[PDB]
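Take a look at the structure set out below.
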RNA sequence: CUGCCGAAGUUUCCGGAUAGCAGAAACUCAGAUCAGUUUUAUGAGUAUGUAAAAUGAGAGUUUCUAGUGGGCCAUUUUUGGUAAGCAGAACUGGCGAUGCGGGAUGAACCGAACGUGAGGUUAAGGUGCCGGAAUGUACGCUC
RNA sequence: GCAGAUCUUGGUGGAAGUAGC
RNA sequence: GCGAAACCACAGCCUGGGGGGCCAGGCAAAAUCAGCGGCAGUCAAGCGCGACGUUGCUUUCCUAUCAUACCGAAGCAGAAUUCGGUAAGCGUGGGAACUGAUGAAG
RNA sequence: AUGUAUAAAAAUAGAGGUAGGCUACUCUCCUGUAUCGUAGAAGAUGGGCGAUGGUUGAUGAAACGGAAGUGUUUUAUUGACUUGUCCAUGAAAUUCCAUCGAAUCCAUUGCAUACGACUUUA
């Protein structure tokens, strides 16, 4: 599973710097020991505050306020390739930001075989307007007159007596 | 949930490598399996898919007294019997005693026409295969490699169906009498409250 | 004849903790997930997938994404319950739920029942 | 040793020529026979005209090397019947005639003159 | 996508039936039966039309959707209007013999470049060919199934196919010029 | 013979084993109708046997018996892991046992 | 016959040595006497060595006495190198003395170091059959 | 105190009723 | 009829993989006998070089067909010829216990 | 082996049945956790009420069933078993689970041939 964590932190204050700045991140992590490890990863590449200098101040979970409402998420990904160069924008349709990034990882694990550390997610925004959705298939599950038969049907205990209906 | 002393598995619509693995365990389990209509088994992949996978097996013979090489059997029954021969430890005393519990025949001989024909719901083609896929039929395949008995069995099986169809209407007319007699017994409708 | 996945389609949860409860679909979110609810309050609103549910033929008129009370309001007016029970599908599945609460002596009393029933083979010869 | 179709070189089993294949026929044709039995008298030679157009001896007289075969009238004594099976061609019933000569009754026996001659 | 639909209006033909997974297309000229196993596609009837639908699939199956739409339409053209094609022969020195037999099914062709080879062109089932009388060296072949009709004349085009000579100087031969409906 | 059979039909499956090391002191038993390792908690503790028929007759009959009980569930398919007073012979793979319903707790 | 301890397989000089590793007694000290270790401090141009904190553990002295200066690999620098390999110097380990689960069988791979047994639980690796264990669940791929 | 030294002495085998006279 | 001796870890089927034995396979019936292009220069895809370009001289097996079968292309009227393709089946560029004869037995 | 119970077929982007004259309408499927039989001192000995039914045995059979007919159906006749329903006597101290015809040798033959065999005759 996944659990989105709000993380903020700073460095140790010195006499030269009495008040360090505070930096907020909204990232995803299956537990909290990897959040406060990924947090020092992003902040080291951007703010150059090393792990031997900074400290962690607050970790909290962000449960989705409306998990019962369908939504569509536009997903900004910086992907670290074998050449280490990919900015990616991808849309997913589901209910929860926790659930989207799981599907984001899964698709990204198939077509582009991305690992854990090979991905640094950049920004996640609940895209709302229908004219901004830039994908054909996501658009088609959003027309009022949608319909389809069931796919992947299959309706122990081997040796069935009669033929399955499969209808 | 079956521990019959003998089971008859009608094989039309099944896959080869999945039925041969279901059967191979039930042989070692102690049962006595008969696989009828072995000629109408299916294999994933199009017609030429296993065709060169078996025409390659014909190119493989010993190079000492070539009447001692591999015996490439052409019958649809022995195609599947081969499939249940590598699945079993047929070099031990428990393998060659299991193999004589399996009787794999084509068509339906009369000793198994008049018995129940169970199917395997874990090896069927309409389940395990994506719709609109390429599949080849073994008995339609092995005819093109030497099994010269296609036109007889397709003729023979057609006669059995209409005879079995005639058997069915008499059986269907039988329970229509008891369909009336079931509700005619008044005790059914006021004492159905035990679920029945 | 072919049944489909609509808005407001009545379904039946076949694999889950609420196995066998009549629920109605609300909003289709994907090709594998959906929005589903039932007026029975023991069934909370939630996202069932299609691999662990079975469609039902009965359909019901409802706009998109109604709240639970309005689902119950439309359920009570268009009486899906006891419209499902009219079918022969419900007769077996409900009788499956009675023939499994049968104790030993009652499953012995059905022996008497079918012994009072077997000699009724007196028919028009 | 180059005609591998006739290899391996081992002796035959039946002293009598065994027919393996039989000609394809139809139900529209009248009933007729295929096989027979004869005996090797010996080789001889003949002379005969040649009514063959297009040959180098068209309408000429050419020697031909030939073979006379001693063929008696042939005694039918019953039938066998085949049904067609997925396992090949099985024989269903063997129906013989009423009476047999001692000659064919010698076929079933190894010592006909010693034994009780009680066949059939 | 999740749907791919294309519907053609059914004409006054006798049958637009697709029951039992077979194209039993019967019209005013006659009845035609064909196997419906090109692809697992949704043949749905709606009044005076038959709708072809490919729901929740990819392009590999979706590309075949228009083929059955054309194939049924091709069958509709044969059921309603039929097909009538005229093939034109070319003779320069040795005229090519042509004899229609078995109601025009067995085409006894000979004297192609004066050759003694007996060219027997057996027509496809359901097509009748005849030597057109209006224009010399013209053969008129008509039928309901255009696919069997078109392949037969192409086979006829492959029957007296020139070989072992220069195609420029040796130019007279069998050709097809008119390909149209019977109505 | 339908007014009898107060046991449950089973089949001795195999010894306990790894790929190369087999442990004939504890067996594997497949009970009929037990198709989950949570539905095998009902047959935990029952006294199973293995009845057969020898040629030479002792004490007025010929049928001999090897008793034993059931200790653990085994896997995700409703097999169990039994334990017999004499270890079952290795030539009884795929035989039939009886899972007697006692000591019954239901 | 059984039990206990148990190496080096490289030096340093000149086959002989000394040291080392393993050992036996005598005799030291319960201490800061140590430690294939990490801190903090001083310096030194992230690394370098030096001293007194953490952490563990009882340390030390000689005397007299066997075996041992083979190598096979794996580790990273590395200069000379080129069609292409490679050649060589140094570090670290294994194996030599070591059986066992996997890796289909293999010493150089993955786990793990062993009295005799019972019961449980795992590593590596696996759960369609051979083969003990999900034809499990989920999502995307492929003709 | 033996399993071994192309070990010493003694006894006996397979090759074989073969090679062969 | 007489009658050795050499020799003797135990041995005896093949394929592939680390040999007769190991692993995975093919299989497997007694008991016997007789044969056996480079250099220099200009560019410039793109990430100081840079591609395609441009300028200077110098027994059997295997197809990769040698004919036969079949076609494609060619200033191929025809003959004859050239090129290309399928094609190693048979002919006229390369590789290197086995077959007989008895035999018991469900 | 402790019931040794169960025979349409085809399809799955479908199937079977329901009027009517080739159809329209309606119904059914979507597991067999179904159907089928099941008590008796090892299935006791009697009596009643309801029924012409069920059950199996001895046959006399007849129709069938050939892809291995390893079997099915209609049964006359005879008989037991009749729990169909309702009442009467018995069970036990196993007093806490153990359960004559052929063939061959010898003979004969030559189509065969190293020995064997094969082929003739006897």
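Chains as they are written, first to last, in the entry's author numbering: chain S, 2 to 156, 164 to 175; chain O, 2 to 197; chain M, 4 to 128; chain B, 11 to 130; chain H, 4 to 186; chain f, 3 to 108. Don't be surprised by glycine CBs; every beta carbon is placed ideally from N, CA and C.
Q | residue 41 of chain O, buried or exposed, once every other Cβ within 10 Å from all chains shown has been counted against 16 | A | With 16 or more other Cβ atoms inside 10 Å of its own Cβ, residue 41 of chain O counts as buried.
Q: Determine whether the Cβ of residue 54 of chain M lies closer than 8 Å to any Cβ atom of chain S.
A: Judged by the 8 Å Cβ criterion, residue 54 of chain M is in contact with chain S.
Q | Helix, strand or coil at residue 168 of chain O [DSSP, three-state] | A | Note: residue 168 of chain O maps to helix in three-state DSSP.
Q | residue 77 of chain O, buried or exposed, once every other Cβ within 10 Å from all chains shown has been counted against 16 | A | That one is buried.
Q: For residue 5 of chain H, go through chain S and note every residue whose CB falls closer than 9 Å to its CB, in chain order.
A: Per Cβ cutoff of 9 Å: 138, 141, 142, 147, 148, 149.
(Q) Could you check whether residue 13 of chain f and residue 30 of chain O sit closer than 8 Å to each other, using their CB atoms as the reference points? (A) It is a contact, given that the beta carbons lie within the stated cut-off.
Q. Closest by CA to residue 49 of chain S, which one among S:74, S:11, S:128?
A. Of the candidates S:74, S:11, S:128, S:11 places its Cα closest to the Cα of residue 49 of chain S.
(Q) Please confirm whether residue 196 of chain O has its beta-carbon closer than 8 Å to some beta-carbon of chain M. (A) Contacts with chain M at 8 Å (Cβ-Cβ) include residue 196 of chain O.
Q.
residue 96 of chain B and residue 107 of chain O - do their beta-carbons sit closer together than 8 Å?
A. Less than 8 Å divides the Cβ of residue 107 of chain O from the Cβ of residue 96 of chain B.
**Q.** Chain-ordered residues of the stretch 49-71 of chain H with a beta carbon less than 7 Å from chain S
**A.** Answer set for the stretch 49-71 of chain H: 58, 59.
Q) Run through DSSP, which three-state label would residue 20 of chain M get? A) Looking at residue 20 of chain M - three-state DSSP - the assignment turns out to be coil, as it is neither helix nor strand.
**Q.** Close Cβ partners of residue 67 of chain H (< 7 Å) along its chain, the five nearest in sequence each way excluded
**A.** Close CB contacts of residue 67 of chain H within its chain, under the 7 Å cut and outside five residues either way in sequence, are with 41, 42 (chain order).
Q) So which residues on chain B does residue 150 of chain O lean against when the C-beta distance must stay under 7 Å? A) What residue 150 of chain O touches in chain B: 96.
Q | Pick from H:153, H:47, H:14 that is closest to residue 76 of chain H, judged by C-alpha positions | A | With distances taken between Cα atoms, residue 76 of chain H lies closest to H:14.
Q: Please specify which runs of the alpha helix (DSSP H), each continuous and at least 4 residues long, are wholly inside the stretch 7-95 of chain O, giving them in chain order.
A: Correct list: 17-29, 48-59, 77-84.
**Q.** Where residue 75 of chain S sits in the DSSP three-state scheme
**A.** In the structure shown, residue 75 of chain S sits in a strand (DSSP, three-state: E or B).
Q: Throw me the rounded Cβ distance for the residue 167 of chain S and residue 119 of chain O pair, which I believe falls under 8 Å.
A: With a Cβ gap of about 5 Å, residue 167 of chain S and residue 119 of chain O count as contacting.
Q. How about residue 180 of chain O: is its C-beta nearer than 8 Å to some C-beta of chain M?
A. Look at residue 180 of chain O: its C-beta is not under 8 Å from any C-beta on chain M.
Q. Contact between the stretch 120-136 of chain O and the stretch 69-87 of chain B: three or more CB pairs below 8 Å?
A. Short answer: they don't touch.
Q. Do you know offhand how far residue 104 of chain f's Cα is from residue 44 of chain f's?
A. Just so you know, the alpha carbons of residue 104 of chain f and residue 44 of chain f end up roughly 11 Å apart.
Q: Pick helix, strand or coil for residue 196 of chain O, following the three-state DSSP scheme.
A: Of the three classes helix, strand and coil, the one that applies to residue 196 of chain O here is coil, per DSSP.
Q: Kindly give me the distance between the Cβ atoms of residue 184 of chain H and residue 85 of chain H, rounded to whole angstroms, as I take these residues to be in contact under 8 Å.
A: Correct: roughly 6 Å between the Cβ atoms.
Q. Chain H partners of residue 152 of chain S, CB-CB under 8 Å?
A. Simply 59.
Q. Per DSSP, residue 51 of chain f forms a beta bridge with which residues?
A. The partner list for residue 51 of chain f (beta bridge, DSSP) reads f:100.
Q: Starting from the beta carbon of residue 69 of chain S, find every residue of chain M whose beta carbon is closer than 7 Å, and list them in chain order.
A: Those within 7 Å of residue 69 of chain S in chain M are 48.
Q: Since I believe residue 14 of chain O is in contact with residue 43 of chain O (beta carbons under 8 Å), could you give me their beta-carbon distance rounded to a whole number of angstroms?
A: Indeed they touch by this definition, with Cβ atoms about 7 Å apart.
(Q) Given a cut-off of 8 Å on the beta-carbon distance, is the pair residue 123 of chain H and residue 156 of chain H in contact? (A) Going by C-beta atoms, residue 123 of chain H is not nearer than 8 Å to residue 156 of chain H.
Q.
What does the Cβ neighbour count give for residue 36 of chain f, buried or exposed, with the cut at 16 atoms within 10 Å?
A. Counting the other Cβ atoms within 10 Å of the Cβ of residue 36 of chain f gives 16 or more, which makes it buried.
Q) Of all the options S:116, S:117, S:143, S:120, which has the alpha carbon lying nearest to the alpha carbon of residue 129 of chain S? A) Out of S:116, S:117, S:143, S:120, S:143 has the C-alpha closest to the C-alpha of residue 129 of chain S.
Q: Report yes or no: do three or more beta-carbon pairs, one from the stretch 19-31 of chain f and one from the stretch 138-153 of chain H, lie closer than 8 Å?
A: With fewer than three CB-CB distances shorter than 8 Å, the stretch 19-31 of chain f does not count as touching the stretch 138-153 of chain H.
(Q) When you compare the CB of residue 27 of chain f with every CB in chain O, is at least one pair closer than 8 Å? (A) It does not; no Cβ of chain O falls within 8 Å.
(Q) Considering only the alpha carbon of each residue, which of B:105, B:111, B:90, B:107 lies closest to residue 99 of chain B? (A) Closest option to residue 99 of chain B, Cα to Cα, is B:90.
Q: Name, please, each residue of chain S whose Cβ falls closer than 8 Å to the Cβ of residue 28 of chain O.
A: Neighbours of residue 28 of chain O across chain S, judged by C-beta separation under 8 Å, do not exist; the nearest C-beta is about 13 Å away.
Q: Determine which residues share a DSSP beta bridge with residue 121 of chain S and list them.
A: Bridge partners of residue 121 of chain S: S:79.
Q. What's the call for residue 97 of chain O, buried or exposed, on a 16-neighbour Cβ count within 10 Å?
A. With fewer than 16 other Cβ atoms within 10 Å, it is exposed.
Q: Kindly confirm or deny that the stretch 74-89 of chain S and the stretch 35-52 of chain S touch, where touching means at least three C-beta pairs closer than 8 Å.
A: They do not touch, by the three-pair rule.
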